[PDB]
């Protein structure tokens, strides 16, 4: 720690999870509007039609960010709000919303960090195959260029896509996220076109202005096993390849992990130039971390011969996810050594617990404890030399947690969905203190 070093504190959200106004302001439907209408797809039949009504309440939320003292707000632009047909005319009303949001953040001293793709693909493009269609990578790059042309006079730090693991595998192989497809080959195609879209968008953004910075957000789930057999060690290697190296290796090493390619037995649809584009240099890696996975070998499992294990006697959040902050330190060290990103921003970390409103307040000590321990673990890595330049808490506010719906609350600020009232939780006051006093 020397004179001149900086560190950025932020909060993170995404468009479909908070905005609402799903059928207002000219917005066209996304794959999540469609998916959340399918009986059984989302807990309690929840959807994002209203969410946190942030489309109308953004000034209140920006005021809460200023009150917390964050220097940065990591948010996503809803592609179907700004280009409802996916590829074609801009929706001026949608662009004006993001102008008002950005200008309001800047007036309050907050730097907006936009993510271009946080899972809300326009249904108009899914009707053409979505991410299974190679053209979707190019449609995304054109949308990205239009956003940079409109907003990069003010916004200098961009993220292309968020968590391709979820969009590709959960959305096209396991079918538990939109668009709900269940096919390995489609998942492989989608993974390649998400990554190609990232690379094409990066190049397009840089053509707008050479001062702009660009990265990608990857979630990493470190894998362990409780067994000692050679096959259980193989299970760890397979899970790590499927979750992590499948996406990190193309970006930083210009190739897919050969052990996983071989185990799939399928071809990735790589065309000339693709791997050069996907591996284009980035200004930073956005890293998301929540938990580690415990696995064991299972010869009957598909597409790869391993299964998840629920380890006994470990601390778990309201999601059932293991709490293990030491894995965060070790992951940060591993990524820095293995992939050597120029710098790292924690674009998401946080936890969900059963919250109760008592006397108009929300006391959430389990969320405070998770936050304290994960900030400590992150700084332990920074003190070892890992170039972590900022931390963005997921999330500012409780919101639509995808297939879990509204029942799973990640906010440091509580949202009463009956009234839309925001109530800062104990974790908000803790985070506010950490921002000021570090």
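Residue numbers count along the first chain shown, from 1.
- Relative to one another, 44 to 52 and 384 to 392 have unequal mean CA B-factors, and 44 to 52 is the one with the higher figure.
- The mean C-alpha temperature factor is higher for 219 to 227 when 219 to 227 and 283 to 291 are set side by side.
- In this structure the maximum Cα B-factor among 250, 129, 112, 199 is found at 129.
- Comparing the C-alpha B-factors of 37, 409, 57, 373 in the entry, the top value falls on 37.
- Ranked by Cα temperature factor within the chain, residue 419 sits in the middle third according to the deposited record.
- Residue 433 sits in the lowest third of its chain by CA B factor, as recorded in the PDB entry.
- Annotation for residue 242: CA B-factor lies in the highest third of the chain's modelled residues.
- Ranked by Cα temperature factor within the chain, residue 77 sits in the lowest third according to the deposited record.
- Residue 267: CA B factor lies in the highest third for its chain, per the PDB record.
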